[PDB]
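Residue numbers (the deposited numbering): 1 to 330.
First the structure, in the form of structure tokens, and then the observations on it.
So, in structure tokens, the structure goes:
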């Protein structure tokens with residue numbers, strides 16, 4: 001089997017991407033944030049505190065003939081941006097782009113933090129990291145990908161995110177029409193539960209490539225690119241007037257600037273992030289100070305190849321017995 005679904009930016013800045021997911025019988029379609037940095041599939045639901053729902057589409061398990069309470073199971077998760085949610089668990093039928101899993105753990109939110117409430121376009125998250133990070137207790141549950149894996153033509157999924165445009169998540173096959181040149185594969189460590197790999201270095205604009213190992217995670221659920229302070233300083237030093245602002249919470253730059261590209265290494269291959277991808281617009285409406293899309297990972301504890309990086313590539317998440325990551329230009 002295979003699946004193929006279109007993923008769409010939630011706003012004009014590509015702050016996140018939503019993908020339609022069918023849950024239950026008859027189908028209830030929710031727009032979920034596919035997140036390769038977490039491993040819970042959780043949804044706004046009929047059980048979510050009413051005051052914490054503001055425009056989201058909810059899952060109502062009582063209206064699904066295939067929903068079953070997973071008795072005793074609860075979940076609770078906190079993300080790197082400080083947001084959180086929690087609740088109980090149903091099993092139900094879940095389909096993504098024609099690919100169907102029966103008995104999928106659907107985590108029903110009783111509580112969500114303000115960040116989620118305030119985002120009316122995201123109805124939940126679908127985690128695609130390794131199942132070892134799943135927060136369901138007392139019986140840990142498997143991700144959609146893990147459940148689907150054995151049925152897939154090939155044990156892979158791919159992320160093809162658009163710049164200011166729709167893209168695609170495919171399950172079980174590699175679309176050879178979706179990228180240019182070759183795919184370069186690189187080793188993955190699952191020791192922390194993430195798609196963790198080591199980039200071989202970077203360049204700023206037309207500058208020379210610096211060979212240096214940068215350990216980080218491929219995370220579709222993080223908007224920006226978070227790298228070591230040394231790297232990020234080298235990038236923003238090439239933008240007149242750019243500075244790190246503690247009041248704003250990172251590097252800002254004059255909205256009148258033209259940003260340089262940023263290149264990162266995958267083995268001997270290179271992925272180029274165009275400068276436009278690194279512009280996240282005025283810090284506040286009407287401001288002439290703009291927010292940068294490359295920020296320091298210092299104090300996060302890990303480097304994060306988020307959407308800014310990943311949308312410049314066709315990315316293969318290979319879930320074979322020895323997992324790997326593949327990157328191609330497109």
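All C-beta atoms in this analysis are idealised placements derived from N, C-alpha and C, irrespective of residue type, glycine included.
In or out: residue 107 buried (at least 16 other Cβ within 10 Å) or exposed? buried
If you draw a straight line from the alpha carbon of residue 2 to that of residue 20, how long is it in whole angstroms? 16 Å
By Cβ distance below 7 Å, which residues in the same chain neighbour residue 212 in space, the five residues on each side in sequence not counted? Closer than 7 Å at Cβ, skipping near neighbours: 201.
Touching or not, the region 264–277 and the region 308–323, by the rule of three or more beta carbon pairs under 8 Å? yes
With DSSP as the reference, please indicate the residues paired to residue 28 in a beta bridge. 23
Whole angstroms is fine: what's the gap from residue 334's alpha carbon to residue 138's? Outside the shown range of the chain (1 to 330) lies residue 334, about which nothing can therefore be said.
Which residues in the same chain have their Cβ closer than 7 Å to the Cβ of residue 76, if we skip the five residues on either side of it in sequence? Closer than 7 Å at Cβ, skipping near neighbours: 86 and 135.
Taking its Cβ as the centre, do 16 or more other Cβ atoms sit within 10 Å of residue 69, making it buried, or is it exposed? exposed
Residue 146, enclosing alpha helix (DSSP H) - first and last residue: Counting along the chain, the alpha helix (DSSP H) containing residue 146 begins and ends at 144–148.
is_contact[residue 39, chain C] using C-beta, thresh 8 Å: Of the protein chains in this structure there is only one, and it is not chain C.
Relative to the C-alpha of residue 322, which residue among 191, 62 and 308 is closest? 191
For the pair the region 249–261 and the region 282–298, tell me if three or more CB-CB distances fall below 8 Å. yes
Sub-8 Å separation of residue 125 and residue 11 beta-carbons: no
Helix, strand or coil for residue 63, going by three-state DSSP, please let me know. Helix, per DSSP.
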